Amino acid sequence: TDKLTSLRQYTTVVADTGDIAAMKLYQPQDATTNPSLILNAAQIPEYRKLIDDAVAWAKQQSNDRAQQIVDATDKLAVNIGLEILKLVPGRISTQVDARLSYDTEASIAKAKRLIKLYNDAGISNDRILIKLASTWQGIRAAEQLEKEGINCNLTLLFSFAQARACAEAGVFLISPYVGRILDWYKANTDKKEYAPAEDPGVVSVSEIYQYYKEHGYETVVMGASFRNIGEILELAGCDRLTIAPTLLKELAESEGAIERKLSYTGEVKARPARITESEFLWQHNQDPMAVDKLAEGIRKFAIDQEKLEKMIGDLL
């Protein structure tokens, strides 16, 4: 047996890519995309049809250029989601424009708009996760969306404060990063070598997992962003893990059974009072890694969004 097969006994495998080739190859349950993966998957010549469809559709919905750019970029992300749903039985994650990350109202609106486009294609809400950055504003947006039947993937989750706040908001799923946590520690300490169990991204997810299970929270824990297979194996037992094709390949090519690493066998414990905004802000900003990486991840995703819109604008 190979390690990818063995992992699937303990963990729901999810493919982190916009490339349908990977869906066929690894047959994941869910898939995740983001603005940069959409931007990358756009250059694939076989996807040119999806870009043209998106641009054409946008011109049929309105006559204003600015609106056509937005409509086309949204429809493109959706169009790619639709191709992926042909090949996976579970969820597709589609990311909202990260420029809205500190705007609750705008994020709710944008989530609803992407859902409308999916619904217009005949896809139900139970096949979709809307990905938002887990700022306070994003978490509050997600809380509201869930009440309206729109399930959310709360991403760029770095601090325990973010983890706690997401759970208390009843979000469908969280995407705690692993690899970008490792990146920080390598950039800000002189320890650049870590055993898998002491990888700080692995430690973060394990602690979050424990807290979620021990309090009986339903939010799906999905580790994301990996630098190596060691990190992935150390989180075997995590509800889901979203993994890039390069690392799915490495697992598939690695022989041997693996053991479950993440479990909670105790009973559910009473929950505390909800963390307030002020408490969340204090506790998030206690974590210098999380401070840096949440803001940084948002900046980079917004740049990817802008580049996507540039590409679409040239075709109109």
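For every residue, the number given is its place in the sequence shown, counted from 1.
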Subject >> 45 to 53 or 276 to 284, whichever carries the higher mean Cα B-factor >> reply: 45 to 53
Subject >> Greater mean Cα temperature factor according to the PDB record, 138 to 146 or 186 to 194 >> reply: 186 to 194
Original post:
According to the deposited entry, which of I20, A302, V13, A295 has the largest Cα B-factor?
Top reply: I20
Subject >> Relative C-alpha B-factor of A72, binned into the chain's lowest, middle or highest third >> reply: highest
Original post:
Once the chain's modelled residues are ordered by C-alpha B factor and cut into thirds, is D126 in the lowest, middle or highest one?
Top reply: middle
Original post:
By the record's CA B-factor, is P245 among the lowest, middle or highest third of residues in the chain?
Top reply: middle
Subject >> Third of the chain's Cα B-factor distribution that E168 belongs to, per the entry >> reply: lowest
Original post:
Comparing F160 with the other modelled residues of its chain, is its CA B-factor in the lowest, middle or highest third?
Top reply: lowest
